[PDB]
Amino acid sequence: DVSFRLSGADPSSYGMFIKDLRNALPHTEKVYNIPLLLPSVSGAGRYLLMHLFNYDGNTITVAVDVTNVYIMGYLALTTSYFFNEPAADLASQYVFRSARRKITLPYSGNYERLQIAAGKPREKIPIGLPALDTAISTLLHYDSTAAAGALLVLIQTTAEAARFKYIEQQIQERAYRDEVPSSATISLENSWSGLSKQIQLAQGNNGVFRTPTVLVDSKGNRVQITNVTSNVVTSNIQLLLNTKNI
C-alpha cells in the first residue's frame, strides 16, 4: 500500500507520495528507460490500495489497477464505492470485501462521463493539494454529483501525477493554492495512451514514432512529438501503458 497525509503536506511529502505510488506499480522491463506496466495481473494483486488522509485525519482507501493506474473505486468508512464499469465491478470482487455496503456510482470512471456528472469540464476545476483535501472530505459522504468533481481532482493529483513528472510538479506548485490545470496538463492526460503506444512502437523503429503525438507545451503552444529524444519521453513520462492494453 501507499499513503498520503494532507496534514502538514508540502511539495516534498507530496513528491514522496508520488514516488511511492510509481514504485508500487510492478514492471518487468523498461522501454527507453521508462517502466512498462504489465499486460495483466490476476486476482487481488492487480489492485493497489492508496490510503489518503484529509487535513483532519479522516481517510479513504482508493483502489488502483496497477496495469493502467485507473482508479476503480474507494472505501469510505464502511461503504465501498465503485465505478459503473466492468473493470470496476471485477475489482469489487477483490477489494473492500469487508465493507458493510457497496454502492455502484452512477457513472463510469472515464473523464468524459465524470465531467458530465460533475456538470463541468476539468479545465474549469481547480486542482492542488487543497482541492485534494476537499475531494477526500467529499468522498467520505455519498453525494454522486459532488463525488464526480472530487474524483476528477483525485485522479489528476494521484494517477496523472504518477504518470507524468510535469503534472506532479504542477500539483507541487499548487501545494497551498488551487489552480485549474494548464492546457499542457490536460493534453498530457489525454495523450498518455497514445504516447505509451508510440514509445513502445519506437523500439523496433529506431526510436521514431509510427504516428506523431500532438501536445500543448508549458507556454500554451501546440507541438508535435515524433521521436524518443523529445523531453516528454526523456524527462516527463514515468510509466507506460502496455500496448497489449491499447
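Quick note: we count residues from 1 along the sequence shown, nothing fancier.
Enquirer: Identify the stretch, either 135-143 or 91-99, whose C-alpha atoms have the larger mean B-factor according to the entry.
Expert: Higher mean C-alpha B-factor in the PDB entry: 91-99.
Enquirer: Please compare 75-83 with 148-156 and say which has the higher mean C-alpha temperature factor in the record.
Expert: Going by the record's values, the stretch with the higher mean is 75-83.
Enquirer: From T185, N68, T28, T61, which pick has the Cα B-factor that tops the rest in the entry?
Expert: Spelled out: the listed residue with the top C-alpha B-factor is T28.
Enquirer: Considering only modelled residues of the same chain, in which third does the CA B-factor of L49 rank: lowest, middle or highest?
Expert: Answer is middle: the recorded C-alpha B-factor places it there.
Enquirer: Per the entry's values, where does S193 land by CA temperature factor relative to the rest of its chain, in the lowest, middle or highest third?
Expert: Middle third.
Enquirer: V228: which third of its chain by C-alpha temperature factor?
Expert: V228: CA B-factor falls in the highest third of its chain.
Enquirer: C-alpha B factor of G128, ranked within the chain: lowest, middle or highest third?
Expert: Lowest third.
Enquirer: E168's Cα B-factor: lowest, middle or highest third of the chain?
Expert: Lowest third.
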